[PDB]
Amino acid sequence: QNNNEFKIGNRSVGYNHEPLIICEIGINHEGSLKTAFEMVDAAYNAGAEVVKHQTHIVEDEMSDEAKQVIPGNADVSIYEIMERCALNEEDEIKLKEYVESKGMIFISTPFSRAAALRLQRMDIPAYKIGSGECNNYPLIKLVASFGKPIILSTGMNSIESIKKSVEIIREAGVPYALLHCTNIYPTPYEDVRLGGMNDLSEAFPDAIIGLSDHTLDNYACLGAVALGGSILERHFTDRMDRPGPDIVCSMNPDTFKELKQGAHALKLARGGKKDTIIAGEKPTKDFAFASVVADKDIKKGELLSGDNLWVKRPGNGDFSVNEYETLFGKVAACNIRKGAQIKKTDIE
């Protein structure tokens, strides 16, 4: 598809690279650093490369109006959820240290100006912008000014809307990814629209492309690798019996390992060209292709015809099935036995 690439720390990302799975722990820790550490342990032990957090500073993120609005996958106000779930600066700094102490890359999604400045103080190697802030052009400008790569979710937004965000990003001169995304928790298969990935890469030829996913399993993400996706994001939990509005669409260690294995196969299998000559197929061609044979006894001097000629495996005859019709009307130079391959010396 393309050769766009950039680095998140030491990890190269892009079409010619192994797909990257982002383990979005998000608010799954329910505000408990202990729980967050257990989930980081589970992610490390499953082989995860990247852990993503969400950086919530409720006062800079929401006006009082947020205390009256309820999200789709919850039964209380968004302000209550974020107040209950948010880690303070001290705890989030400990979370970054812990993730990196396990050899993994820590990134996070800022939901406010204050969160973005905190992540800059911590010097994270790349920024995620959630689909809710895809059209928050003031916030994107700030984050782009940090000089780090940006991974931008694009749910709830048109290509025309996304263009303004990409413009801001290009102007700051940082590389970026676009994650196709549908922000319904959970997302029904029929609303995934994997074709949206092609729409994004077609509109934005310099973007790394991936999928942020909220379905109940790995199928959408595996199809996105098949379509050329380079970054896959699903929520992550150490076990499925945890409480939380995002747990149910999360992967756990087992299903993370499956996605990793599926994505590696699909990275290998994807792309390429129909007409590529595959050396491993040569033995098969040699026995499976047909050659021209006599369909009857043909006397010396008789004319070769569609009536005394046919074609049979294997493919080592002097004349291939491709040349069948070119023998019509040639003259038998010898007697020719029924069933014999037609030889170059069988015709004048």
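Counting begins at 1, following the sequence as shown.
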Give the stretch, out of 306-314 and 293-301, with the larger mean C-alpha temperature factor in the deposited entry. 293-301
Averaging only over Cα atoms, indicate whether 218-226 or 85-93 has the higher B-factor in the PDB entry. 85-93
Which one of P243, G196, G262, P149 shows the top CA temperature factor in the record? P243
Could you tell me which one of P71, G210, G271, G130 shows the highest CA temperature factor in the PDB record? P71
Lowest, middle or highest third of the chain for the C-alpha temperature factor of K282? highest
When the modelled residues of the chain are sorted by Cα temperature factor, does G14 land in the lowest, middle or highest third? middle
Considering every modelled residue of the chain and its Cα B-factor in the PDB entry, is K257 in the lowest, middle or highest third? lowest
Tell me, lowest, middle or highest third: where does the Cα B factor of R113 rank within its chain? middle
Chain thirds by Cα B factor, record data; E190 belongs to the middle
